[PDB]
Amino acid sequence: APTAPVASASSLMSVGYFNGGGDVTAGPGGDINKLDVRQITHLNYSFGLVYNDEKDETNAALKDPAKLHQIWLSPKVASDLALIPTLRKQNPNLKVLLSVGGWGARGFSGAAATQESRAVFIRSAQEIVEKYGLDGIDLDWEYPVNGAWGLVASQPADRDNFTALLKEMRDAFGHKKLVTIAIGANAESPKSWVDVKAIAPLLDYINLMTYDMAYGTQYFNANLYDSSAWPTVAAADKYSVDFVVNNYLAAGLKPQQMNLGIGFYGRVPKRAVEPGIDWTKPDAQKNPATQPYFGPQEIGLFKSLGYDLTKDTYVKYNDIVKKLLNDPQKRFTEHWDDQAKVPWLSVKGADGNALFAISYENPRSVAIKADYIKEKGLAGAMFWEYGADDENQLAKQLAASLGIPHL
């Protein structure tokens, strides 16, 4: 122990995404004038996009050749960023970052390719951070090298180009603005996509996207540990939050550099609606490891509730409460998994059998993830996102369980 006491240690972090830009699919984000920021230490306003020359880009605004490699702010994003000072009144020590990228956002591979292209991107970030009085920039490139399985352009040079982009961004911003990233759950991310040891000293912290695991042959979307009763069939699909954290610790990231991402939403597992393939098998597609257990009645049920499960499986927590838990016909039965430490709902099939419909986060499971953050010595939590929460209930539980102090 020290010979003299030290000042009060700063609290754990809670980094909340506010998806004010929205999507073309989901429409614009929420109303920044109604946003309550009392439960967070850092706000990631999302998303800025990247002007790019990828052939498959559909956003015509991003194709301006005069602005290639710069950051694009939609009208809604630019309007909202001008309103940041009004949020600071609720939480004067709040740090606000602009997040650039997101799932399906093109342009990083080209922007990162050369010192010259990186310099254009960085100068754009500097101008935006300065002119809107932000505290820093967050980069959500999904993903260097892998390209989110071909969804965005990618090349092997992305790995070391990403390091260079972050190093040159830190050089330009200095030590008085924040630079952070979101990083994927996939085990291949630290192995092949991102040089975590090289980038960690450049970044204020790293947000782990410890969610979106309800794919392939896996049932749960953000199980803390493996579920004993619902095991994943193909080894490459076997994920848990603890597995992801341990992968990044083994790759050399320190606990104090990582926030644990929490999803304020649920997913219907892809295993319900699409054959799950074990790619290690011969004739893998001919002999699926799992087969869909939803039929037309269950697909139609979700359609009647506003979800086309062939296109997306995402259900906001507020809609889980309103449409599923509070379904007037009480068609969804609630369950708890003792090892995954998350809730899940079943529906009765046409054959009368209970079927695993969706796993998600509730206050109980969020409190458990907060206690795990404390147990593992992590830096705090990150969450996606305010517009999916139900009157900030998950954000409030998270703050209470982490001990975030009040104003």
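Throughout, we count residues from 1 along the sequence that is shown.
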Practice prompt. Would you determine, from the values in the PDB entry, which of 170-178 and 152-160 has the greater average C-alpha temperature factor?
Written response: 170-178
Fill in: Between 216-224 and 297-305 (mean CA B-factor, as deposited), the higher
297-305
Discussion item. Among the choices 195, 319, 337, 274, identify the one whose CA B-factor in the record is greatest.
Written reply: 274
Response to the item:
Top Cα B-factor in this entry, restricted to 185, 83, 120, 234, sits on 83
Worksheet item: Mind checking which third residue 375 falls in for C-alpha B-factor across the chain?
Response: middle
Item to complete: Using the B-factor values recorded in the entry, state whether the Cα atom of residue 361 falls in the lowest, middle or highest third among the modelled residues of its chain.
Response: lowest
Item to complete: State the tercile, meaning the lowest, middle or highest third, of residue 398 with respect to the CA B-factors recorded for its chain.
Response: lowest
Fill in: residue 42 - Cα temperature factor, lowest/middle/highest third of chain
lowest
Worksheet item: When the modelled residues of the chain are sorted by Cα temperature factor, does residue 211 land in the lowest, middle or highest third?
Response: lowest
